[PDB]
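Enquirer: My questions will all concern the structure given below.
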Amino acid sequence: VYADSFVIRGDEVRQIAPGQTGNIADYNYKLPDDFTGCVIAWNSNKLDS
Amino acid sequence: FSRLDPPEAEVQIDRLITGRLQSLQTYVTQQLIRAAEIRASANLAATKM
């Protein structure tokens, strides 16, 4: 198993997905098309601001 | 593949590649019926000659 830790800006969490593109899915981290393992995402408007 | 999700596109092409294969699977079955009908007459033709 492996773990990552990002900071996103709002709406483009939905583009973190096996295949979809966007702003930070082309010049940043991009998921592959055979993604086994998945995503734990919450609302951290409490620390990183 | 132009706009769909590539995991969803492989599901979409699965229902299309099975539909194209079922048309071919039906065709091989239809020739097997027709090959048995001619063989019933070819063995009659060899019986005649």
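Enquirer: Have a look at A:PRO32, A:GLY19, A:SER44 and report the one farthest towards the positive end of the charge dipole of chain A, computed about the Cα centre with Cβ charges (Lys/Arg +1, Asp/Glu -1).
Expert: Positive-end residue among those listed: A:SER44.
Enquirer: With 5 Å bins from zero, work out the P(r) of chain B over every alpha carbon pair and list the percent per bin.
Expert: 5, 17, 13, 11, 10, 9, 8, 7, 6, 5, 4, 3, 2
Enquirer: Under unit Cβ charges (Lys, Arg +1; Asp, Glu -1), what dipole magnitude, rounded to 20 debye, does chain A have relative to its Cα centre? All intermediate terms of the calculation are to be shown ahead of the outcome.
Expert: On the way: 4 positive and 7 negative charges, 36 e Å.
Computed about the Cα centre, the dipole is about 180 debye.
Enquirer: Moving on to the next point. Rounded to the nearest 500, what is the protein assembly as shown's calculated 222 nm mean residue ellipticity when only DSSP H runs of at least 4 contribute -39500 (n - 2.57) each, over all residues? Spell out each step's value before the answer.
Expert: Values: 1 runs with 43 residues, N = 98.
Here the helix-only value at 222 nm equals -16500 deg cm²/dmol.
Enquirer: To the nearest 10 degrees, how steeply does helix B:6-48 sit against the main Cα axis of chain B, on a 0 to 90 scale?
Expert: So the helix axis and the longest Cα principal axis differ by about 0 degrees.
Enquirer: Dipole of chain B (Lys/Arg Cβ +1, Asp/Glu Cβ -1, origin at the Cα centre): which of B:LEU4, B:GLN25, B:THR47 lies farthest to the positive side?
Expert: Farthest along the dipole direction, towards plus: B:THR47.
Enquirer: Each residue of the range A:39-49 in order: what ³J(HN,Hα) in whole Hz does its phi give by Karplus 6.51 cos²θ - 1.76 cosθ + 1.60, θ = phi - 60°, with x for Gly and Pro?
Expert: Working through the residues one at a time gives 10, 10, 10, 10, 9, 9, 8, 10, 10, 8, 8 Hz.
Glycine gets a Cβ as well: all are built from the backbone with ideal geometry, and neighbour counts include every protein chain shown. No value in this document is a laboratory result; all are computed from the given coordinates.
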